[PDB]
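Report on the structure given below.
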Amino acid sequence: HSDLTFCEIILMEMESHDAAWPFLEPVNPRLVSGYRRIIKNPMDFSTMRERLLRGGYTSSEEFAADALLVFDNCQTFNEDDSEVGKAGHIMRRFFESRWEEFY
Ligand SMILES: CC(=O)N1CCN(c2ccc(NC(=N)N)cc2)CC1
Ligand SMILES: [Mg+2]
């Protein structure tokens with residue numbers, strides 16, 4: 001239990017973060033040329049939200065794996081100096097620092 005309440009806090013905080021806009025909804029491969037081919041396990045904050053609300057996280061580590069998948073994917077598809085990439089670095093650093101001051 002106590003693991004999952006910290007997941008709620010950090011996901012709520014990532015959901016309302018300024019730099020969260022690229023990650024709130026699943027990427028739409030129809031709009032994003034080449035995303036289907038490059039990103040084999042897409043992940044986003046609303047899917048983590050859907051899974052967290054339904055209970056589908058056994059431990060905080062599974063939650064963290066999805067979080068890190070958001071930022072691993074962001075770095076695979078977007079150049080570091082791109083507008084989405086810059087947002088993603090800000091979000092990844094945010095997650096990592098928040099996660100470490102809980103564990
Ligand atoms: C999460 C991720 O990797 N995404 C890449 C594709 N997305 C995107 C949005 C806006 C621009 N820029 C523009 N002028 N339309 C480029 C790409 C957003 C999600
Ligand atoms: Mg990693």
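Residues in the structure tokens are numbered from 1 in each chain, the chains being A, B, ... in the order shown, and ligands are numbered from 1 in the order shown.
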
Nearby polymer residues, ligand 1, at most 6 Å, only C-alpha atoms and all ligand atoms, as number ranges by chain: A: 22-23, 27, 32, 74, 77-78

Test item: residues no farther than 12 Å from ligand 2, counting only C-alpha atoms and all ligand atoms, as a PyMOL selection string: chain A and resi 64-76+92-93+95-96

Keeping N, CA, C and O atoms, export the residues of the selection given above as an mmCIF file, in the first residue's frame.
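The new file part_19.cif reads:
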data_model
loop_
_atom_site.group_PDB
_atom_site.id
_atom_site.type_symbol
_atom_site.label_atom_id
_atom_site.label_comp_id
_atom_site.auth_asym_id
_atom_site.auth_seq_id
_atom_site.Cartn_x
_atom_site.Cartn_y
_atom_site.Cartn_z
ATOM 1 N N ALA A 64 7.871 2.607 -11.735
ATOM 2 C CA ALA A 64 9.071 3.324 -12.153
ATOM 3 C C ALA A 64 9.534 2.860 -13.520
ATOM 4 O O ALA A 64 10.070 3.650 -14.305
ATOM 5 N N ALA A 65 9.329 1.578 -13.825
ATOM 6 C CA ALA A 65 9.719 1.059 -15.128
ATOM 7 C C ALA A 65 8.941 1.745 -16.243
ATOM 8 O O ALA A 65 9.505 2.071 -17.292
ATOM 9 N N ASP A 66 7.644 1.985 -16.031
ATOM 10 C CA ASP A 66 6.845 2.700 -17.025
ATOM 11 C C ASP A 66 7.263 4.162 -17.125
ATOM 12 O O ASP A 66 7.378 4.717 -18.227
ATOM 13 N N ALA A 67 7.470 4.813 -15.982
ATOM 14 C CA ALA A 67 7.971 6.178 -15.996
ATOM 15 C C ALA A 67 9.227 6.268 -16.844
ATOM 16 O O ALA A 67 9.295 7.043 -17.806
ATOM 17 N N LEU A 68 10.225 5.447 -16.511
ATOM 18 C CA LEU A 68 11.485 5.461 -17.245
ATOM 19 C C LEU A 68 11.286 5.117 -18.716
ATOM 20 O O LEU A 68 12.074 5.551 -19.568
ATOM 21 N N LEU A 69 10.247 4.339 -19.034
ATOM 22 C CA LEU A 69 9.971 4.015 -20.430
ATOM 23 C C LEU A 69 9.479 5.245 -21.181
ATOM 24 O O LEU A 69 9.824 5.441 -22.353
ATOM 25 N N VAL A 70 8.690 6.095 -20.516
ATOM 26 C CA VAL A 70 8.307 7.377 -21.108
ATOM 27 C C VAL A 70 9.550 8.152 -21.545
ATOM 28 O O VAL A 70 9.643 8.633 -22.682
ATOM 29 N N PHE A 71 10.547 8.244 -20.664
ATOM 30 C CA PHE A 71 11.703 9.088 -20.959
ATOM 31 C C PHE A 71 12.715 8.380 -21.849
ATOM 32 O O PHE A 71 13.354 9.027 -22.681
ATOM 33 N N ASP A 72 12.873 7.066 -21.708
ATOM 34 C CA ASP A 72 13.659 6.323 -22.695
ATOM 35 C C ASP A 72 13.083 6.484 -24.101
ATOM 36 O O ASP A 72 13.821 6.737 -25.063
ATOM 37 N N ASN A 73 11.761 6.347 -24.242
ATOM 38 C CA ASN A 73 11.146 6.545 -25.553
ATOM 39 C C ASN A 73 11.370 7.968 -26.049
ATOM 40 O O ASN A 73 11.725 8.183 -27.214
ATOM 41 N N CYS A 74 11.173 8.959 -25.169
ATOM 42 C CA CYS A 74 11.343 10.343 -25.591
ATOM 43 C C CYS A 74 12.735 10.564 -26.177
ATOM 44 O O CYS A 74 12.889 11.190 -27.239
ATOM 45 N N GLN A 75 13.755 10.003 -25.521
ATOM 46 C CA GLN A 75 15.128 10.157 -25.982
ATOM 47 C C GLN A 75 15.418 9.356 -27.247
ATOM 48 O O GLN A 75 16.254 9.768 -28.054
ATOM 49 N N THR A 76 14.741 8.237 -27.452
ATOM 50 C CA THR A 76 14.951 7.477 -28.681
ATOM 51 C C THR A 76 14.389 8.204 -29.904
ATOM 52 O O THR A 76 15.056 8.285 -30.942
ATOM 53 N N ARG A 92 12.252 13.904 -17.047
ATOM 54 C CA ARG A 92 13.057 12.801 -16.534
ATOM 55 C C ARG A 92 13.836 13.217 -15.284
ATOM 56 O O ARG A 92 13.810 12.507 -14.271
ATOM 57 N N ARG A 93 14.546 14.355 -15.339
ATOM 58 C CA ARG A 93 15.248 14.842 -14.150
ATOM 59 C C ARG A 93 14.281 15.045 -12.992
ATOM 60 O O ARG A 93 14.598 14.712 -11.843
ATOM 61 N N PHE A 95 11.386 13.395 -12.426
ATOM 62 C CA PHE A 95 11.053 12.079 -11.891
ATOM 63 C C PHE A 95 12.197 11.525 -11.052
ATOM 64 O O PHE A 95 11.991 11.065 -9.923
ATOM 65 N N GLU A 96 13.417 11.567 -11.590
ATOM 66 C CA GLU A 96 14.542 10.945 -10.903
ATOM 67 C C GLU A 96 14.800 11.594 -9.550
ATOM 68 O O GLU A 96 15.049 10.894 -8.560
#

Point-to-point distance in Å for CA of residue 102 in chain A and CA of residue 5 in chain A: 11.1 Å

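With only C-alpha atoms as the atoms that count, the residue of A:26, A:61, A:18, A:54 with the shortest distance to residue 41 in chain A is A:26.
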
Please run DSSP on the backbone and report, as a short mmCIF file (atom, residue, chain, number, x, y, z; two decimals) with C-alpha atoms, in the first residue's frame, all residues within range 30-92 of chain A that come out as helix (DSSP H, G or I).
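Generated file (result-v1.cif):
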data_model
loop_
_atom_site.label_atom_id
_atom_site.label_comp_id
_atom_site.auth_asym_id
_atom_site.auth_seq_id
_atom_site.Cartn_x
_atom_site.Cartn_y
_atom_site.Cartn_z
CA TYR A 35 6.89 6.75 -34.45
CA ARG A 36 5.28 3.33 -34.94
CA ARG A 37 8.49 1.94 -36.49
CA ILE A 38 10.93 3.38 -33.91
CA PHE A 45 1.18 9.50 -18.31
CA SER A 46 -2.50 8.79 -18.98
CA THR A 47 -1.78 5.08 -19.50
CA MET A 48 0.16 4.93 -16.23
CA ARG A 49 -2.80 6.79 -14.72
CA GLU A 50 -5.27 4.27 -16.16
CA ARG A 51 -3.14 1.41 -14.83
CA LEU A 52 -2.60 2.99 -11.40
CA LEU A 53 -6.33 3.64 -10.92
CA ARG A 54 -7.21 0.06 -11.91
CA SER A 60 6.57 0.88 -7.06
CA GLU A 61 9.30 -0.63 -9.27
CA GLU A 62 6.82 -1.54 -11.99
CA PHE A 63 5.51 2.02 -11.86
CA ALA A 64 9.07 3.32 -12.15
CA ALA A 65 9.72 1.06 -15.13
CA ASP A 66 6.85 2.70 -17.03
CA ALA A 67 7.97 6.18 -16.00
CA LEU A 68 11.49 5.46 -17.24
CA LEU A 69 9.97 4.01 -20.43
CA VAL A 70 8.31 7.38 -21.11
CA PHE A 71 11.70 9.09 -20.96
CA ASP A 72 13.66 6.32 -22.69
CA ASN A 73 11.15 6.55 -25.55
CA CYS A 74 11.34 10.34 -25.59
CA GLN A 75 15.13 10.16 -25.98
CA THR A 76 14.95 7.48 -28.68
CA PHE A 77 12.58 9.43 -30.95
CA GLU A 83 11.33 21.01 -28.24
CA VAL A 84 9.95 17.63 -27.13
CA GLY A 85 13.41 16.41 -26.11
CA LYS A 86 14.06 19.43 -23.88
CA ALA A 87 10.70 18.89 -22.19
CA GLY A 88 11.55 15.24 -21.74
CA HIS A 89 14.88 15.90 -20.06
CA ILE A 90 13.14 18.27 -17.66
CA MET A 91 10.52 15.62 -16.89
CA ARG A 92 13.06 12.80 -16.53
#

Long-range neighbours of residue 4 in chain A as a list in words, 8 Å cut-off, only C-alpha atoms, 4 positions minimum in chain: residues 8, 57, 59 and 60 of chain A

The selected residues should be written to file as a PDB file, in the first residue's frame (atoms: N, CA, C and O atoms).
ATOM      1  N   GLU A   8       1.153   7.736  -6.523  1.00  0.00           N
ATOM      2  CA  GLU A   8       0.091   8.705  -6.823  1.00  0.00           C
ATOM      3  C   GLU A   8       0.648  10.112  -6.748  1.00  0.00           C
ATOM      4  O   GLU A   8       0.387  10.876  -7.610  1.00  0.00           O
ATOM      5  N   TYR A  57      -0.444  -2.117 -10.750  1.00  0.00           N
ATOM      6  CA  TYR A  57       0.964  -1.992 -10.381  1.00  0.00           C
ATOM      7  C   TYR A  57       1.215  -2.797  -9.113  1.00  0.00           C
ATOM      8  O   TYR A  57       0.681  -2.470  -8.046  1.00  0.00           O
ATOM      9  N   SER A  59       4.218  -3.291  -7.515  1.00  0.00           N
ATOM     10  CA  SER A  59       5.135  -2.582  -6.642  1.00  0.00           C
ATOM     11  C   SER A  59       5.427  -1.226  -7.258  1.00  0.00           C
ATOM     12  O   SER A  59       5.026  -0.934  -8.388  1.00  0.00           O
ATOM     13  N   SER A  60       6.140  -0.391  -6.505  1.00  0.00           N
ATOM     14  CA  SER A  60       6.566   0.882  -7.065  1.00  0.00           C
ATOM     15  C   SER A  60       7.564   0.693  -8.204  1.00  0.00           C
ATOM     16  O   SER A  60       7.664   1.564  -9.073  1.00  0.00           O
TER      17      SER A  60
END

Near-residue 101 in chain A list (12 Å; only C-alpha atoms; drop same-chain fewer than 6 positions) as a ChimeraX atom specification: /A:6,10,94-95

Would you put the residues from that selection into a file with N, CA, C and O atoms, as a tab-separated table (two decimals), in the first residue's frame?
chain	number	residue	atom	x	y	z
A	6	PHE	N	2.87	6.80	-2.78
A	6	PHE	CA	3.94	7.64	-3.31
A	6	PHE	C	3.90	7.70	-4.83
A	6	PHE	O	4.24	8.74	-5.42
A	10	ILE	N	3.74	11.25	-7.09
A	10	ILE	CA	4.68	11.59	-8.14
A	10	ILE	C	3.99	11.65	-9.50
A	10	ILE	O	4.34	12.50	-10.34
A	94	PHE	N	13.08	15.56	-13.28
A	94	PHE	CA	12.09	15.72	-12.22
A	94	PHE	C	11.74	14.39	-11.59
A	94	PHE	O	11.77	14.24	-10.37
A	95	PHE	N	11.39	13.39	-12.43
A	95	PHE	CA	11.05	12.08	-11.89
A	95	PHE	C	12.20	11.53	-11.05
A	95	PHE	O	11.99	11.07	-9.92

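What separates CA of residue 103 in chain A from CA of residue 2 in chain A is a distance of 12.1 Å.
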
Atomic separation - CA of residue 11 in chain A relative to CA of residue 58 in chain A, Å: 15.8 Å

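Nearest residue to residue 24 in chain A, choosing from A:39, A:12, A:1, A:82 and counting only C-alpha atoms: A:12.
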
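Distances to residue 28 in chain A were evaluated for A:42, A:98, A:14, A:55 using only C-alpha atoms, and the minimum falls at A:42.
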